[PDB]
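*Asks:* What follows is a structure written as structure tokens; I'll ask about it next.
When we count neighbours, we look across all protein chains shown, and the Cβ atoms used for this are built from the backbone with ideal geometry, even at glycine. What follows is calculated from the coordinates using simple rules that are stated; it is not laboratory data.
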Amino acid sequence: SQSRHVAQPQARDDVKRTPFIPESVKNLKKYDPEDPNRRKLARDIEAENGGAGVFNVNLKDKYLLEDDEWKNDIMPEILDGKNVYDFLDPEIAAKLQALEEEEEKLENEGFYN
Amino acid sequence: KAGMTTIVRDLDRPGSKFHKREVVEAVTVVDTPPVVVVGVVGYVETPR
Amino acid sequence: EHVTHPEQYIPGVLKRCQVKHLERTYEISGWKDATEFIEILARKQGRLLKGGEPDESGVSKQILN
Amino acid sequence: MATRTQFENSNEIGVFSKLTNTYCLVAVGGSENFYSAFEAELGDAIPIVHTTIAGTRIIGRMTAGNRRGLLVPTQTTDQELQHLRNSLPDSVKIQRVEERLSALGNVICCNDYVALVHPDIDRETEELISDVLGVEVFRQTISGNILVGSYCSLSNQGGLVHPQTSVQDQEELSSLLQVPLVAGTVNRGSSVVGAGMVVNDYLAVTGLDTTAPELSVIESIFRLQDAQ
Amino acid sequence: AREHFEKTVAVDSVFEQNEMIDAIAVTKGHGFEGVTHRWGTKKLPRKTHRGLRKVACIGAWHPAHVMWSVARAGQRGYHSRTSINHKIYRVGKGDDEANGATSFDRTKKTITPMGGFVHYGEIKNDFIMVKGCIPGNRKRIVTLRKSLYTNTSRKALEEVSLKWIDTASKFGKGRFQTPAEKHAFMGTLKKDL
Amino acid sequence: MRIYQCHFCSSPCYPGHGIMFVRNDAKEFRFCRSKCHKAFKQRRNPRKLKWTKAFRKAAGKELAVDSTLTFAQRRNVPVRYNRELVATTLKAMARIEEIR
Amino acid sequence: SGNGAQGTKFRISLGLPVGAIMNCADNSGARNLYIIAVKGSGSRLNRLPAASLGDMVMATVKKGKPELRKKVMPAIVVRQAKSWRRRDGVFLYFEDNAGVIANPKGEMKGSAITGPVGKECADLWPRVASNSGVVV
Amino acid sequence: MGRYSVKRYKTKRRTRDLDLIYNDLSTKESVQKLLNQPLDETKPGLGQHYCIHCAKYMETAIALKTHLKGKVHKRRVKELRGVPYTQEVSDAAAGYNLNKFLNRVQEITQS
């Protein structure tokens with residue numbers, strides 16, 4: 001029956017496009033659910049702490065900080081009616097000190113006489 | 001009973017759809033100064 | 001009156017009737033299809049609902065009657 | 001290395017999870033079975049992050065990103081954005097986009113190198129994709145289908161487009177992406193392939209109800225099986 | 001009890017946070033109220049003779065009486081009710097300022113809304129904040145009871161983690177949590193120079 | 001949670017307060033109270049209503065361009081957590097409110 | 001919940017009783033849908049079956065493509081003009097109440113959805129989330 | 001709350017908003033699309049005769065020409081000259097994203 005295909009990319013530019021496979025992936029052991037010593041998946045911790053709907057996962061114990069002692073510390077959200085996250089800024093000390101210099105200049109120039 | 005107000009709660013209810021999500025709740029505030037004991041009553045258990 | 005979508009039976013009318021006669025019973029011409037025969041007739045007769053659209057179901061009811 | 005999984009009995013893996021070369025985002029819901037079905041194929045090699053985007057479990061269609069960065073819609077709360085930053089290492093830029101087409105996963109179909117976007121995404125958002133994700137951007141439709149992210153699954157190896165993709169549209173999109181393209185289905189005849197699976201260079205996860213020929217074409221066009 | 005005959009008992013010596021308690025109070029009173037809202041009977045059609053806010057047929061040919069089950073008008077409210085399983089969200093302390101502050105909200109404020117509560121003053125004392133609504137209106141004595149059974153719901157086990165308490169004014173569309181915040185949002189007024 | 005600002009009068013809309021309107025453009029319109037919501041539905045201009053902050057800024061009733069008013073912006077790209085950085089942020093905010 | 005619905009659905013205020021015309025958000029060619037029934041509704045005596053965001057209805061295409069009218073196909077409400085509550089407390093509403101044509105297993109007849117889609121409906125229906133360019 | 005305002009400003013009867021109209025007017029492409037429009041059996045005049053500012057349809061060229069000489073058209077035109085009131089304006093008025101408000105105003109003024 002005449003009524004019944006992978007298109008290939010003729011090259012556009014000479015930019016090196018190459019696949020990425022990280023080393024920790026390529027050094028990885030392929031999973032084997034028959035080992036006594038295989039990697040402990042998340043179900044396993046989930047199973048020995050109460051079950052699927054009872055295991056209260058700590059999302060905090062897996063994120064990456066400069067100090068594991070503030071792994072579980074609460075970041076404040078609100079203070080005096082201001083969004084802490086929106087004032088949150090690296091080098092906030094730099095802008096704050098520039099503000100302080102400008103403000104004590106305004107004082108010594110006589111802005112609140 | 002003093003009144004009611006609004007609470008944001010960081011809900012940790014595993015198996016829920018609001019798990020790990022802030023949820024706004026209404027709550028009731030009951031003003032409770034300490035109560036002070038002034039007496040005892042003893043109850044016997046009778047066939048009536 | 002109780003026909004729920006009388007706009008669909010109009011191509012039936014155009015099948016039964018002849019264009020030579022249908023151009024004359026209603027003084028309208030050059031419809032490419034029944035679905036636009038209704039709309040050209042309704043604009044001719046002023047059977048436009050509030051907002052500029054033709055009273056398409058009601059004109060269909062009138063055509064069937 | 002295509003894998004079959006169901007997030008709470010749904011074959012739409014690409015809705016409930018995001019997968020790039022160097023991280024994996026999986027929705028928060030119920031149990032850890034979906035998370036562990038990613039972890040078995042990944043381990044601790046790349047971070048697997050539970051997350052919600054604006055409280056929804058549809059993070060795969062809401063966020064868009066590759067190994068270089070991650071874009072999240074303007075609806076994502078500050079807590080979720082902080083969570084994504086804290087979880088992922090600094091090699092992954094994270095950006096909240098003030099953009100209308102909030103479902104960035106449907107709107108942006110990108111690999112590490114090139115991106116396809118909705119034909120009417122904002123110029124600021126095109127520029128922000130080019131900066132953050134480090135890709136060159138093309139406004140295209142997958143044979144008239146504007147939601148390119150849902151109707152095209154893409155990696156650096158190859159890409160899969162929805163079955164009604166014309167032959168010359170396959171050819172043109174393959175030229176733009178510089179990968180071989182094929183038009184197939186996932187999850188037994190679903191034309192929505194971007195939502196139907198997640199894929200990178202070394203892993204593809206599809207819904208459990210994918211037919212065996214569909215995995216054959218997936219593992220061919222995406223070059224999963226080792227030493228192909 | 002003999003050791004306690006003039007000592008007080010604080011509320012945190014009876015209840016504590018994340019406990020389910022019962023609230024036993026006499027509800028708010030509404031006076032003589034008709035069937036349409038004392039029982040939720042449907043309103044009769046418009047301009048029905050003899051009126052439309054009343055139950056239409058009362059009885060059959062027998063038992064030749066109005067039954068006790070037929071909804072009749074009378075007193076609504078001020079009934080004694082026992083409402084159970086109210087999760088304690090906060091056991092506050094009177095001396096502790098920043099009652100209404102949490103670890104996510106650092107404003108250092110008490111649970112007293114601006115303008116106090118409406119029809120009730122400040123909270124200068126220990127307080128119990130329970131999830132949801134309680135029988136009885138404000139100003140009313142309520143009896144809080146320990147749960148009569150070891151509840152097996154997972155709600156009774158949860159630790160409650162407040163992010164924020166609404167201490168905005170209940171006497172209007174209150175938009176500020178503290179008078180300090182209201183002043184800093186308004187700016188200086190004409191009372192100020 | 002966060003304080004949004006009323007799309008009409010720029011007032012703080014705390015969690016649980018006001019309502020929101022979403023157009024066909026995904027542009028959310030927060031309102032602190034039904035007053036501002038109704039004034040918006042009626043197509044009233046907030047820059048000609050004297051009790052809005054937009055009017056007071058446009059007319060010059062209150063200071064608009066300042067150094068203290070630039071510190072609060074919506075942080076798109078986030079930063080990793082740090083107790084020292086966040087404590088300096090809280091101290092900074094306490095300083096900025098005083099100076100402003 | 002329904003067939004093809006992902007997980008449970010919480011209460012939101014019912015906006016769409018039977019007999020309500022709602023816009024067709026998708027590009028299947030329908031211009032508006034007429035709710036004749038609502039899936040999952042209980043049997044209260046005089047209560048009209050009502051629909052809300054994320055709910056599957058039965059709708060007839062009243063205006064639009066003649067290949068679609070005079071037929072009763074399932075639909076999934078994606079927008080709503082009745083203000084409902086989001087648990088991170090805010091009551092919100094859309095400017096119109098609209099829906100999309102779906103087969104009873106959840107798949108979209110159309111290939112796209114125009115305008116916003118509530119997250120309570122995108123979350124519940126994966127094929128809606130996968131066809132919606134704008135969520136919330 | 002009354003009768004007239006609830007009768008006219010329902011979400012059913014909600015009309016096009018002013019910033020959207022401003023963006024319709026912003027580019028020559030959108031305006032030339034809105035004037036030379038495809039025919040549309042539902043819209044008055046089959047979709048021709050569009051007033052861009054008022055965002056409502058007239059039945060004929062006479063009703064459009066009469067519309068352009070009326071105080072309703074003047075009222076709409078005056079409402080659109082300056083800087084459209086967006087969330088930028090309601091944000092910066094409380095000290096929030098003030099920089100983007102300012103440079104948006106500069107971009108609008110220069111273009």
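*Asks:* At 222 nm, what helix-only mean residue ellipticity would chain H give, in deg cm²/dmol to the nearest 500, using -39500 (n - 2.57) for each DSSP H run of four or more?
*Replies:* -13500 deg cm²/dmol
*Asks:* Which of the chymotrypsin sites (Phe, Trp or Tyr not before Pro) found in segment E:16-86 are loop residues per DSSP with 15 or fewer other Cβ atoms within 10 Å of their Cβ?
*Replies:* E:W39, E:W61, E:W68, E:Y78
*Asks:* Can I ask one more? Students often check this: by mean Cβ neighbours within 10 Å, which of A:43-56, G:103-116 ranks highest, and how do the rest follow?
*Replies:* The packing order, highest mean first, is G:103-116, A:43-56.
*Asks:* Right, something else. Peptides G:86-99, D:119-132: what's the order by average Cβ count within 10 Å, highest mean first?
*Replies:* Ranked from most to least packed, the peptides come out as G:86-99, D:119-132.
*Asks:* Follow-up question, since we're still on this one. Compute the relative contact order of segment D:59-216 as a whole-number percentage, counting only Cα pairs closer than 8 Å that sit 6 or more residues apart in sequence.
*Replies:* About 18 percent, as a whole number.
*Asks:* Still on this structure, please answer the following. Is the C-alpha gyration tensor of chain C telling us rounded, prolate or oblate? Criteria: a/c under 1.5 is rounded; beyond that, a/b larger than b/c is prolate, otherwise oblate.
*Replies:* oblate
*Asks:* Averaged over all directions, how much area does the convex hull of the C-alpha atoms of segment G:1-83 cover when projected, in nm²?
*Replies:* 5.8
*Asks:* Could you give me the percent of Cα pairs per 10 Å distance bin for segment H:32-81, shortest bin first, beginning at zero and ending with the bin that holds the maximum distance?
*Replies:* That works out to 26, 52, 21, 0, in percent per bin.
*Asks:* Follow-up question, since we're still on this one. With Cβ to Cβ distances under 12 Å as the rule, what net charge do the other residues near C:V3 carry (K, R +1; D, E -1)?
*Replies:* Result for the local shell: 0.
*Asks:* Follow-up. Based on the Cα gyration tensor of segment G:15-136, what are the three equivalent ellipsoid semi-axes, each the root of five times an eigenvalue, rounded to whole Å and given largest first?
*Replies:* Square roots of five times the eigenvalues give 20, 19, 12 Å.
*Asks:* Give me the inter-chain shielding for E:113-123: mean count of other chain Cβ atoms within 10 Å, whole number please.
*Replies:* 3
*Asks:* Indicate the gyration tensor shape class of the protein assembly as shown (rounded, prolate or oblate), computed on the Cα atoms with a ≥ b ≥ c the square roots of the eigenvalues: a/c under 1.5 is rounded; otherwise a/b larger than b/c is prolate and the rest oblate.
*Replies:* rounded
*Asks:* A further question follows. Among H:91-98, D:72-79, E:87-94, A:5-12, how do they line up by average Cβ neighbours within 10 Å per residue, starting with the highest?
*Replies:* H:91-98, D:72-79, E:87-94, A:5-12
*Asks:* 222 nm [θ] for chain G, helices only, -39500 (n - 2.57) per DSSP H run of 4+, per residue, to 500?
*Replies:* Roughly -1500 deg cm²/dmol at 222 nm, from the helical runs in chain G.
*Asks:* Just want to confirm a number: the relative contact order over chain F, from Cα pairs under 8 angstrom separated by 6+ residues, in percent.
*Replies:* 19
*Asks:* Where does the longest stretch of chain C lie that holds no GluC sites (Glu not before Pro) found in a DSSP loop with 13 or fewer other Cβ atoms within 10 Å?
*Replies:* Of all site-free stretches, the longest is C:28-65.
*Asks:* Just check segment D:1-226 against the gyration tensor rule for me: Cα atoms, a ≥ b ≥ c as the square roots of the eigenvalues, rounded for a/c under 1.5, and otherwise prolate or oblate depending on whether a/b exceeds b/c.
*Replies:* oblate
*Asks:* If you take the Cα atoms of segment A:56-102, find Rg, then find the Kirkwood Rh from the mean of 1/r over all pairs, what is Rg/Rh?
*Replies:* For segment A:56-102, the value is 1.12.
*Asks:* Moving to a separate point now. Once you average over the residues of D:37-50, how many Cβ atoms of partner chains fall within 10 Å of each Cβ?
*Replies:* 5
*Asks:* Further question on the same structure: Efficiency by 1/(1 + (r/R0)^6): what FRET value for D:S175 and F:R100, r their Cβ-Cβ distance, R0 = 56 Å, to the nearest 0.05?
*Replies:* 0.50
*Asks:* Pairs of alpha-carbon atoms within less than 8 angstrom and 6+ residues apart define the contacts here; what relative contact order does chain E have, in percent?
*Replies:* Relative CO of chain E lands at 27 percent.
*Asks:* Ok, one more. From the alpha carbon gyration tensor of segment H:1-85, can you work out the equivalent ellipsoid semi-axes (sqrt of 5 times each eigenvalue) and give them in Å, largest to smallest?
*Replies:* 22, 18, 14
*Asks:* Can I ask one more? Let's test the formula: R0 of 30 Å, r as the Cβ-Cβ distance of B:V36 and E:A180. What FRET efficiency results, to the nearest 0.05?
*Replies:* 0.25
*Asks:* Peptide D:175-188: average number of partner chain Cβ atoms within 10 Å per residue?
*Replies:* Per residue, the number of nearby Cβ atoms from other chains is 3 on average.
*Asks:* Per residue, how big is the convex hull around the C-alpha atoms of chain F? Give it to me in cubic angstrom, could you?
*Replies:* 142
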